[PDB]
Each structure stands twice: as C-alpha cells, then as structure tokens.
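The next block holds one structure in the form of structure tokens; read it before the comments.
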There are 2 protein chains.
Amino acid sequence: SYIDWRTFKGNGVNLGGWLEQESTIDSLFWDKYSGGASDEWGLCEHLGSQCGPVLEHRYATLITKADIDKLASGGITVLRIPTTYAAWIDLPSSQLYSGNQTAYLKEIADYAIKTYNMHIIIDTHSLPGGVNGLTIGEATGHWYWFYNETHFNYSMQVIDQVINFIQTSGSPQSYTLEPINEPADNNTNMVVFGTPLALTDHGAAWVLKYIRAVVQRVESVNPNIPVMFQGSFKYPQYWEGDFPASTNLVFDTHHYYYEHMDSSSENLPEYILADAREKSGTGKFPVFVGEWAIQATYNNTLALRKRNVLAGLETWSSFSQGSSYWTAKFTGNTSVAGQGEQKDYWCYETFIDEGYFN
Amino acid sequence: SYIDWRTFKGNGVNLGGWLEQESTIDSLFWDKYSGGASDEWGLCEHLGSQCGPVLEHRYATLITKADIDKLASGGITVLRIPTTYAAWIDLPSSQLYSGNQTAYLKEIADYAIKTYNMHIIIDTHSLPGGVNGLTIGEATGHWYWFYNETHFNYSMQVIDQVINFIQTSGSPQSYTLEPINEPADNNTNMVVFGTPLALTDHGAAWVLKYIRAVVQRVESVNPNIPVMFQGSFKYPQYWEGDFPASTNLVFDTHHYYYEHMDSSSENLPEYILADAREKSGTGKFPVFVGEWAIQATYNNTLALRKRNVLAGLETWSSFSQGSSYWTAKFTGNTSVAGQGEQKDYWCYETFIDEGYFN
Ligand SMILES: *[C@@H]1O[C@H](CO)[C@@H](O)[C@H](O)[C@H]1NC(C)=O
Ligand SMILES: *[C@@H]1O[C@H](CO)[C@@H](O)[C@H](O)[C@H]1NC(C)=O
Ligand SMILES: *[C@@H]1O[C@H](CO)[C@@H](O)[C@H](O)[C@H]1NC(C)=O
Ligand SMILES: *[C@@H]1O[C@H](CO)[C@@H](O)[C@H](O)[C@H]1NC(C)=O
Ligand SMILES: *[C@@H]1O[C@H](CO)[C@@H](O)[C@H](O)[C@H]1NC(C)=O
Ligand SMILES: *[C@@H]1O[C@H](CO)[C@@H](O)[C@H](O)[C@H]1NC(C)=O
Ligand SMILES: *[C@@H]1O[C@H](CO)[C@@H](O)[C@H](O)[C@H]1NC(C)=O
Ligand SMILES: *[C@@H]1O[C@H](CO)[C@@H](O)[C@H](O)[C@H]1NC(C)=O
Ligand SMILES: *[C@@H]1O[C@H](CO)[C@@H](O)[C@H](O)[C@H]1NC(C)=O
Ligand SMILES: *[C@@H]1O[C@H](CO)[C@@H](O)[C@H](O)[C@H]1NC(C)=O
C-alpha cells in the first residue's frame with residue numbers, strides 16, 4: 001500500500017554526507033581530499049580525475065547494510081537520502097561527479113525496504129545552477145538556478161529519472177520524491193539563513209513554478225507517489241494557499257538551533273516546542289521534520305543529549321508526522337560552544353549505541 | 001493601594017510622539033520642522049534657538065485632557081508615557097531639549113489618576129549616550145551608553161529624578177518606573193532589530209548591571225514602586241534567572257509585525273498568538289506587552305483592523321497582564337504594503353471613534 005502522509009507517522013534519519021559531501025560531517029575525509037575547498041564542487045575540482053575513484057570508495061563504504069541494521073535496531077523506519085543532481089544527470093559544465101551513486105542508493109534502499117519495510121525519501125539536494133549559494137545547492141556562490149529556463153529544464157530531466165527510479169523499483173509504494181532542498185535567493189548575508197528572509201517573493205514564485213511542474217509530471221506517471229516540498233524556511237502556512245488540498249503533498253520543515261539564537265542544552269526543549277507549535281502549518285497539508293539536530297548555540301552539555309533527542313522526537317511526532325535526524329554517521333570534530341565537538345551531538349548511530357532508545 | 005503586576009490586568013495606550021519626537025508619527029510636524037533630520041536630536045539642532053518654543057507648543061497641544069477623556073471612553077486604564085532623558089536632567093553635551101516636559105506629564109497624569117484611576121508607566125525612552133543607535137535611544141548613530149561610567153552615572157541621576165517625581169506626585173501608588181527602552185548593541189544592520197540578535201551577551205551584561213542598580217535604587221526609597229524591565233527583544237526566559245522571584249519586577253515586551261516576516265492582515269492573529277505562546281516567559285515574573293500595533297509586512301487591509309485590534313487585546317490580556325498600543329495619536333501618512341497609510345493602523349483614537357470597543 002502507498003502511504004498517506006496525513007496518517008503515516010515515523011521516526012527516521014538522514015543518510016547525509018554519503019552521496020553528497022560537506023566539510024563538517026567527516027573532518028578526516030575533508031582534510032585529506034578537499035584541498036581546502038568550501039564545497040563538494042571544489043573538492044571534486046581539487047581531486048581532478050581522481051574525484052570519481054575517491055567518491056566511489058566513499059559511496060561503497062560509508063553506509064552499508066550493517067548501518068541499516070543498526071538504525072533499525074534503534075527504531076528507525078524512514079530514511080531520507082540526500083543526493084546531488086549529478087547522480088541523475090551528467091552535464092558537461094558541472095564539476096560535481098556523475099558516477100554509480102544510484103546503484104548504491106538502490107542497494108541500500110532495496111535492503112531497507114525488503115528487510116525492514118522502511119519508507120525512503122529521495123531528495124535532490126542540489127539542482128543545476130545552484131539553489132542557495134551553498135555547497136548543498138550545487139556550489140558555494142551559485143544561485144544560477146533561479147529564473148533560468150535551461151536549468152529549469154535540466155531540473156525536470158533529473159526529476160524524470162527519480163520518478164523512473166521509484167516507478168521501476170519493484171516497490172514504488174516505499175518512496176517519496178523531494179525535488180528541492182532549502183532554496184534561498186536572499187542569503188548573501190547568512191544571518192537570514194534559517195529564516196523566512198532567506199527567500200524573497202520573486203524567488204518563491206520561481207520555486208512554485210518548479211514544484212507545480214513536478215506535481216504535474218508525477219500525476220501524469222503515478223499520482224500515488226507523494227511529493228515532499230521543502231519550502232525553504234518559510235512557515236508551511238506561507239505555501240498552503242498555493243495548492244489545492246487534493247494535492248498529494250507533504251511539507252518538509254528543517255529545524256536547527258546551533259546559531260543565531262539564545263538556545264542552550266538546558267532550554268532546547270522550549271525552542272523545539274516553539275518550532276513545532278508555530279511552524280507546522282494549519283493542518284491543510286501534513287508536515288515532516290526532515291532535518292533537525294540538538295546542537296545549541298550556547299552551553300552545550302553532554303548529559304542532556306538523551307533528554308534533548310527524546311524530547312525532540314516526541315514533539316515532532318505530536319505536532320507533525322515525525323522527523324528525520326541529521327545525520328546517521330558524523331565524525332566531524334569542529335568544537336561546539338560548551339562541552340565536546342560536533343560528532344558528540346550530530347551522530348545518530350552514537351545515540352543508538354549508547355542506548356538512548358532502550 | 002500599590003499594584004501587584006502578578007494580578008493587575010489592563011488595556012492601555014502609549015502617549016508616544018508627545019514628549020519624544022519621531023518622523024513617522026506626525027508627517028506635517030516633521031516636514032515643517034526637521035530640516036530633513038532623521039532624529040529628534042537633529043531636528044532640535046536644525047531649529048537652534050527655536051527648538052524649545054516649537055517643542056513646548058507641541059507639549060502643550062498634542063495630548064490634552066480631551067485625549068484622556070476619549071481614551072477612557074474606549075476602556076483605556078493604563079497610560080505608558082515615553083520621555084526623553086532630557087525631560088529629567090539637562091546635560092551640557094546633549095542636543096535634546098530640556099524644558100517643561102514633566103509639568104505637562106504631571107498635568108495629564110494627575111488628570112488621568114484623579115478622574116479615571118488610570119495606572120501610569122513613566123518610560124525613560126532614551127538615556128545619555130544612546131542605547132540603540134536610533135532616535136528613540138538618544139540619536140541616530142549613538143551607542144555610547146554601553147560600558148560607559150559617565151553615561152551610567154547620569155542615567156542613575158535621571159532615575160533619581162523619576163523616583164522623586166513619583167514620591168512627590170500625591171499618588172505614588174499610581175506609577176510604574178520603566179528605566180530603559182529597546183537597548184541594542186548589535187543593530188548596525190537593522191535586519192536584526194526586533195530579534196534576540198539585536199543585543200549581544202556583552203551588551204546584555206551592561207543592561208543587567210544597570211537594571212540591578214535601578215531596582216536597588218527604587219528598593220532603597222520605596223520598594224512598592226514596580227520596575228518595568230524592557231529587556232530588548234530577548235525572550236523573557238533569557239533574563240528570568242537573573243532576578244529572585246521576590247523582586248517587584250514586570251517585563252515589557254514589544255511585538256510588531258510591520259517588517260521582516262510574511263505577516264498579512266489576514267494572518268496577523270496567527271503571528272500575535274505565536275508571540276504570546278512563545279514570548280511570555282515561564283511565569284516566574286509577570287509580562288505586559290507595552291508596545292504593539294496591527295500593521296503587517298504585506299497585504300494590509302482596512303477591513304480587518306477591528307478584528308486584528310480585538311484579537312491582539314484578547315491575546316495579550318489572556319497570556320500576559322495586558323498591553324498598551326502604539327500610539328494614542330498618529331497622523332503619519334507613510335504608505336503601507338496593501339491599502340492605506342500608517343495613520344489608518346497606528347492611531348488608537350481613530351479606533352475608538354470608529355466604535356471598535358462599543
Ligand atoms: C580533527 O580532525 C582532523 C582531521 O582528521 C585532525 O587533523 C585534527 O587534529 C583533529 N583535531 C582534534 C583536536 O582532534
Ligand atoms: C560502476 O559499477 C559497475 C558495475 O558494478 C562497475 O563495472 C564500474 O567499474 C563502476 N564504475 C565506476 C565509475 O566505478
Ligand atoms: C542560464 O544558464 C545557462 C547555462 O549556464 C546559461 O548559458 C545562460 O546564460 C543562463 N541564462 C540566463 C537567463 O542567465
Ligand atoms: C525546455 O523544455 C521544453 C519541453 O521539451 C522545450 O519545449 C523548451 O524549449 C526547453 N527550453 C529550453 C530553454 O531549453
Ligand atoms: C533580504 O535579506 C536582507 C538582509 O541581508 C534583509 O534586510 C531584507 O529584508 C531581505 N529581503 C527580503 C524580501 O526578504
Ligand atoms: C503627508 O502629509 C504631508 C504633511 O502634511 C503632506 O505634505 C504630504 O503630501 C502627505 N503625503 C501623502 C498624503 O501621502
Ligand atoms: C515653563 O513653565 C513655567 C511655569 O508656568 C513658565 O514660567 C516657563 O516660561 C516655562 N518655560 C519655558 C522654557 O517655556
Ligand atoms: C563616555 O562616552 C562619552 C562619549 O559619548 C565620552 O565623552 C566620555 O569621556 C566617556 N566616559 C568614559 C568614562 O569613558
Ligand atoms: C560615577 O559616580 C561615582 C559615584 O559618585 C564616582 O565615584 C565616579 O567617579 C563617577 N564616574 C564618572 C566616570 O564620572
Ligand atoms: C550581530 O548581528 C549580526 C548581523 O548583522 C549577526 O550575524 C551576528 O550573529 C550578531 N551577533 C550576536 C552576538 O548576536
């Protein structure tokens with residue numbers, strides 16, 4: 001049976017840093033291979049024709065069936081899988097690597113579906129030209145996707161391949177299609193990132209043109225495949241009037257606490273409640289918290305991690321359809337304000353191993 | 001006969017633009033007398049020897065006993081009265097005018113107390129050296145108050161004058177003392193104004209030093225006079241741990257909607273309820289919403305003004321101790337996004353005359 005996001009609930013994890021690369025997730029990897037680049041675009045440029053061999057090794061080794069077993073043992077029922085657009089289309093001007101990403105995606109998705117009946121969200125984390133001027137959108141400094149009909153068409157070509165991957169998977173009912181991640185056209189000053197000010201009405205109109213095109217394409221092939229819309233950092237309420245209630249649509253909200261607020265480990269449940277109570281729409285469409293983590297801006301403490309993770313899970317499940325944590329596997333050693341490093345707050349496998357869900 | 005802000009409830013108004021001047025409140029005044037200045041400081045500098053005569057005329061005519069009768073007829077029971085520090089002390093390095101402000105304040109306050117038993121909040125809206133780089137803090141570009149013992153000392157001199165006014169008033173039980181308004185040390189980029197990022201922890205420590213000194217000074221003379229702490233745009237929770245619950249303290253929160261969010265006239269009650277639910281503290285101390293107004297960032301409509309004012313009044317008096325609208329009398333004709341001008345959304349006497357409170 002296909003899922004109805006209005007009645008489905010699940011707690012999940014992101015498989016971040018696996019098919020798309022970021023400096024913070026694995027410090028050893030980045031130090032060894034980036035040449036100091038800020039982005040996956042530059043890491044691949046730095047490696048030159050060794051970019052593919054290095055990345056294929058990481059694809060084959062970072063996330064294996066054993067990771068899926070560990071996640072299932074901790075009660076995970078949803079995997080969100082960020083991918084670069086270059087897994088789906090090979091554009092000669094892109095510096096992102098086009099390889100066997102989807103073969104590893106299929107191996108891990110098949111195992112999670114056939115073994116555990118997990119639900120899989122396929123996220124095209126970047127789109128051609130760049131959606132937010134960050135590494136995750138294509139490359140640092142790239143916002144060329146907006147208002148560009150060539151990049152629009154390439155984005156639809158990418159989505160035609162993701163729909164086909166789902167439709168021919170053997171279990172189309174196991175997947176949700178997420179065609180954009182954190183679009184932003186007003187974040188030259190990063191103080192507005194994570195806020196409604198990251199996306200202007202002009203940018204939002206282009207995003208809406210794209211999501212409407214994706215919805216029409218999915219409906220033309222298989223209307224039972226849900227579309228997960230990551231509406232930047234606008235409240236879901238902002239987009240509600242743009243879609244009829246009959247659309248097979250779920251919103252993906254992202255909630256973080258690690259900068260730009262007076263959060264602490266002590267008060268983190270108050271900030272999580274605020275986000276759940278104020279940023280979950282009116283109920284017109286369902287909401288899933290597709291990314292979050294417990295790192296606070298100030299005064300991180302190690303002893304409140306279990307309390308904070310469990311408070312977040314219960315909050316997202318109470319005000320929305322559940323959540324997926326960023327991220328499954330994280331070894332980055334960037335210092336946090338207070339106790340420890342990012343790997344102590346951002347690695348979901350560590351929480352499982354330390355018995356937070358027993 | 002003194003009030004306990006934990007039990008007291010009241011709906012009030014600000015008498016803004018009366019004893020402190022701002023460009024938006026009265027366009028004819030500003031266009032005639034400012035010479036293009038951004039601030040009261042520069043308006044007074046431009047007028048030179050005519051500054052006093054021009055301001056004394058406004059003091060005597062803008063707010064009269066007739067205004068108090070109209071406000072009372074609309075159910076007003078609290079007056080918040082913004083003053084410049086120059087009402088209280090005459091510093092030789094200040095371009096703000098020192099005249100008969102407190103004589104006009106006493107005529108109106110005494111009338112309001114004797115006739116209607118209104119409660120009076122005396123607000124020192126500016127302090128020597130400037131508390132937020134804005135005209136309201138002293139002058140555009142002035143942040144000199146922070147970490148400066150000269151300005152600290154003359155601030156305490158201002159507070160001694162306000163305490164003496166209250167104690168010699170003939171009704172000390174009728175007054176709350178508010179010794180600062182919207183301090184901000186991190187608003188050189190005004191995108192952070194209205195948010196917690198407008199005040200750094202370093203600036204917040206200086207504000208705390210000052211409020212602790214004011215609380216001690218009032219406790220030393222008449223501990224039954226409440227102190228109203230306007231803690232910038234931090235959540236009240238930020239400051240709660242800094243005072244014992246026995247402190248005769250109330251927080252003043254300021255909630256506005258006219259920039260930096262996806263607010264509309266249609267959705268304004270959602271934004272009002274979000275502020276009340278998340279920005280009212282934990283209950284350790286009482287909260288009063290000392291400034292608010294109904295102008296939204298987008299799609300202002302005149303038709304929803306009554307619904308929006310009543311929604312806000314009801315929300316602030318349920319989740320806190322009430323509110324005071326900005327402002328009693330407003331003729332500024334700056335355009336808003338949507339229909340109308342600022343005078344349609346910022347003039348409380350207009351709401352009374354349209355029968356909103358009948
Ligand atoms: C962080 O990881 C990098 C790369 O492995 C390593 O060079 C560095 O010494 C680490 N720092 C600490 C303090 O562990
Ligand atoms: C892609 O996978 C195929 C089949 O397993 C393999 O033959 C080939 O070497 C892989 N290509 C790269 C670029 O690693
Ligand atoms: C859109 O992107 C294409 C591919 O880079 C580029 O050649 C073109 O100049 C851009 N068009 C506009 C409208 O800027
Ligand atoms: C985009 O794709 C459509 C449909 O195939 C085509 O009609 C259109 O001309 C293309 N536009 C560009 C800029 O390539
Ligand atoms: C864009 O961001 C700037 C801050 O860099 C902000 O001042 C401005 O209001 C934002 N514009 C929109 C439409 O969000
Ligand atoms: C605003 O009022 C000023 C001062 O009376 C007047 O000169 C100006 O034309 C008005 N602007 C309008 C009505 O928008
Ligand atoms: C202040 O009020 C007093 C008493 O009515 C009056 O004598 C004086 O002229 C006024 N001062 C100024 C500077 O207008
Ligand atoms: C405080 O600041 C003013 C400038 O606003 C300066 O004249 C004064 O010397 C400073 N006082 C101290 C004690 O630094
Ligand atoms: C502030 O007043 C205190 C107490 O009278 C005095 O000791 C000090 O020197 C004054 N500081 C300045 C900078 O005027
Ligand atoms: C100060 O404001 C800037 C934006 O202009 C923001 O980037 C920064 O985080 C703020 N700092 C603090 C300590 O609030």
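Chain labels A, B, ... are given in the sequence in which chains occur in the structure tokens; within each chain residues are numbered consecutively from 1, and ligands are likewise numbered from 1 in the order shown.
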Problem set entry | Within-7 Å residues of ligand 3, basis only C-alpha atoms and all ligand atoms, as a list in words | residues 129, 144, 147, 148, 149, 150 and 151 of chain A
Dump as a CSV table (one decimal), in the first residue's frame, selection limited to N, CA and C atoms:
```
chain,number,residue,atom,x,y,z
A,129,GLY,N,22.8,24.7,-11.5
A,129,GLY,CA,22.9,26.2,-11.4
A,129,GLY,C,23.1,26.7,-9.9
A,144,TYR,N,22.5,30.3,-9.7
A,144,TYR,CA,22.1,30.5,-11.1
A,144,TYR,C,20.9,29.7,-11.5
A,147,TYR,N,15.3,31.6,-12.2
A,147,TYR,CA,14.8,32.3,-13.4
A,147,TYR,C,15.6,31.9,-14.6
A,148,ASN,N,16.1,30.7,-14.6
A,148,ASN,CA,17.0,30.2,-15.7
A,148,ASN,C,16.2,29.0,-16.4
A,149,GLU,N,15.7,29.2,-17.6
A,149,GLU,CA,14.9,28.1,-18.2
A,149,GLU,C,15.7,26.9,-18.6
A,150,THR,N,17.0,27.0,-18.9
A,150,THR,CA,17.9,25.9,-19.2
A,150,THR,C,18.0,25.0,-17.9
A,151,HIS,N,18.3,25.7,-16.8
A,151,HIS,CA,18.5,25.0,-15.5
A,151,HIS,C,17.1,24.4,-15.1
```
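Those residues that approach residue 200 of chain A to within 9 Å, counting only C-alpha atoms, are residues 184, 185 and 186 of chain A; same-chain residues fewer than 6 positions away are not listed.
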How would the residues just picked look written out with N, CA and C atoms as a short mmCIF file (atom, residue, chain, number, x, y, z; two decimals), in the first residue's frame?
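File produced: out_21.cif:
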```cif
data_model
loop_
_atom_site.label_atom_id
_atom_site.label_comp_id
_atom_site.auth_asym_id
_atom_site.auth_seq_id
_atom_site.Cartn_x
_atom_site.Cartn_y
_atom_site.Cartn_z
N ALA A 184 17.01 29.38 -1.62
CA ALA A 184 17.17 30.69 -0.97
C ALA A 184 17.81 31.60 -1.99
N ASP A 185 17.22 32.77 -2.18
CA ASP A 185 17.77 33.80 -3.11
C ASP A 185 18.16 35.07 -2.36
N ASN A 186 18.09 35.11 -1.04
CA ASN A 186 18.37 36.38 -0.32
C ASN A 186 19.34 36.13 0.82
#
```
For this session: Return as an MDAnalysis selection string the residues belonging to chain A that are within 9 Å of chain B, counting only C-alpha atoms.
Result: chainID A and resid 191:192 195:197 234:235 238 260:262 270:271 273:274 277:278
For this session: Could you give me the residues within 10 Å of ligand 7, counting only C-alpha atoms and all ligand atoms, as a list in words?
Result: residues 52, 53, 55, 56, 57, 97, 98, 99, 100, 101, 102, 103 and 104 of chain B
I'd like the neighbourhood of segment 154-162 of chain B as a compact mmCIF listing (two decimals) with C-alpha atoms, in the first residue's frame, where a residue qualifies if any of its atoms comes within 7 Å (using only C-alpha atoms), though same-chain residues fewer than 6 positions away should be ignored.
```txt
# COMPACT_ATOMS: atom_id res chain seq x y z
CA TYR B 85 16.13 61.69 29.43
CA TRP B 88 14.69 64.83 33.71
CA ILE B 89 18.28 66.17 33.50
CA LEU B 127 19.42 57.50 28.16
CA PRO B 128 22.60 59.60 27.98
CA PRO B 179 14.19 52.81 33.17
```
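The gap separating atom 9 (O, counted along the ligand's line) of ligand 5 from atom CA of residue 187 of chain A is 10.3 Å, in Å to one decimal.
The set of residues in segment 6-77 of chain A assigned to strand (DSSP E or B) by DSSP, using only backbone atoms of this structure, is residues 10, 11, 12, 13, 14 and 19 of chain A.
Distance annotation: of A:349, A:240, A:110, A:40, the residue with the minimal separation from residue 73 of chain A is A:349; atom set is only C-alpha atoms.
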For this session: Quick one: pick out all helix (DSSP H, G or I) residues within segment 187-295 of chain A from a backbone DSSP run and write them as a PyMOL selection string.
Result: chain A and resi 190-192+196-198+201-221+236-240+268-278
Seminar exercise, completed: Separating atom 2 (O, counted along the ligand's line) of ligand 1 from atom CA of residue 131 of chain A, to the nearest tenth of an Å, is a gap of 29.6 Å
For this session: Excluding residue 346 of chain B and residues on its chain fewer than 5 positions from it, collect all residues at most 9 Å away from it, counting only C-alpha atoms, and give them as a PyMOL selection string.
Result: chain B and resi 25+293-295+325-332
Those selected residues, please, written with N, CA and C atoms and delivered as a compact mmCIF listing (two decimals), in the first residue's frame.
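Written output follows (part-v7.txt):
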```
# COMPACT_ATOMS: atom_id res chain seq x y z
N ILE B 25 5.46 59.60 13.15
CA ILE B 25 4.20 59.75 13.93
C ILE B 25 3.33 60.92 13.42
N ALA B 293 1.37 47.03 17.52
CA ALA B 293 0.49 47.65 16.54
C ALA B 293 0.13 46.61 15.50
N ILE B 294 -0.93 46.89 14.72
CA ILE B 294 -1.50 45.89 13.77
C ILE B 294 -0.95 45.99 12.36
N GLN B 295 -0.07 46.92 11.99
CA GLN B 295 0.44 46.93 10.62
C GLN B 295 1.23 45.66 10.35
N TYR B 325 -1.10 49.97 23.33
CA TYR B 325 -0.97 50.14 21.88
C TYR B 325 -0.08 51.32 21.57
N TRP B 326 0.67 51.21 20.49
CA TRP B 326 1.46 52.33 19.92
C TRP B 326 0.64 52.84 18.75
N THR B 327 -0.01 54.00 18.83
CA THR B 327 0.02 55.01 19.89
C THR B 327 -1.30 55.75 19.91
N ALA B 328 -1.53 56.62 20.90
CA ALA B 328 -2.82 57.30 21.05
C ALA B 328 -3.16 58.14 19.82
N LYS B 329 -2.23 58.93 19.34
CA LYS B 329 -2.49 59.94 18.30
C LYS B 329 -1.39 59.84 17.27
N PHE B 330 -1.73 59.58 16.00
CA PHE B 330 -0.77 59.33 14.95
C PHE B 330 -1.35 59.85 13.64
N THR B 331 -0.66 60.78 13.01
CA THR B 331 -1.15 61.35 11.71
C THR B 331 -0.18 61.10 10.58
N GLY B 332 0.88 60.33 10.76
CA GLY B 332 1.86 59.99 9.75
C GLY B 332 1.21 59.35 8.54
```
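Excluding segment 211-228 of chain A and any residue on its chain fewer than 5 positions from it, the residues at most 7 Å away by only C-alpha atoms are residues 2, 176, 177, 178, 248, 249, 250, 251 and 252 of chain A.
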How would the residues just chosen look if you wrote them out with C-alpha atoms as a compact mmCIF listing (two decimals), in the first residue's frame?
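Saved result, result.txt, follows:
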```
# COMPACT_ATOMS: atom_id res chain seq x y z
CA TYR A 2 1.12 3.59 -0.86
CA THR A 176 8.52 9.89 -1.53
CA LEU A 177 10.01 12.33 -4.07
CA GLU A 178 11.64 15.52 -2.64
CA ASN A 248 -0.60 14.51 -2.76
CA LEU A 249 1.76 16.83 -0.88
CA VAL A 250 3.71 16.80 2.40
CA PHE A 251 5.89 19.71 3.69
CA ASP A 252 9.49 19.09 4.85
```
Exercise. What lies within 9 Å of residue 264 of chain A using only C-alpha atoms, ignoring chain neighbours under 2 positions off, as a list in words?
Worked result: residues 257, 258, 262, 266, 267, 268, 295, 296, 297, 298, 299, 300 and 301 of chain A
May I have the residues from that selection written out with C-alpha atoms, as a PDB file, in the first residue's frame?
```
ATOM      1  CA  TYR A 257      19.397  25.591  16.977  1.00  0.00           C
ATOM      2  CA  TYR A 258      23.193  25.826  16.640  1.00  0.00           C
ATOM      3  CA  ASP A 262      19.908  32.123  22.775  1.00  0.00           C
ATOM      4  CA  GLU A 266      19.066  23.291  29.154  1.00  0.00           C
ATOM      5  CA  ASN A 267      16.407  25.260  27.279  1.00  0.00           C
ATOM      6  CA  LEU A 268      16.443  23.343  23.988  1.00  0.00           C
ATOM      7  CA  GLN A 295      23.410  21.266  18.980  1.00  0.00           C
ATOM      8  CA  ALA A 296      22.550  24.574  20.716  1.00  0.00           C
ATOM      9  CA  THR A 297      24.176  27.980  20.154  1.00  0.00           C
ATOM     10  CA  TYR A 298      25.460  28.249  23.774  1.00  0.00           C
ATOM     11  CA  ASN A 299      26.281  25.959  26.656  1.00  0.00           C
ATOM     12  CA  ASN A 300      26.076  22.517  25.009  1.00  0.00           C
ATOM     13  CA  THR A 301      26.097  19.750  27.607  1.00  0.00           C
TER      14      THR A 301
END
```
Problem set entry | Shell of 12 Å around ligand 6 (only C-alpha atoms and all ligand atoms), written as a list in words | residues 23, 24, 25, 26, 27, 28, 29, 30, 31, 32, 33, 330, 331, 332, 333, 334, 335, 336, 340, 341, 342 and 343 of chain B
For this session: Would you list the contacts of residue 353 of chain B as a list in words, taking every protein, DNA or RNA residue within 12 Å and counting only C-alpha atoms, but skipping same-chain residues closer than 2 positions in sequence?
Result: residues 67, 70, 71, 73, 74, 306, 328, 347, 348, 349, 350, 351, 355, 356, 357 and 358 of chain B
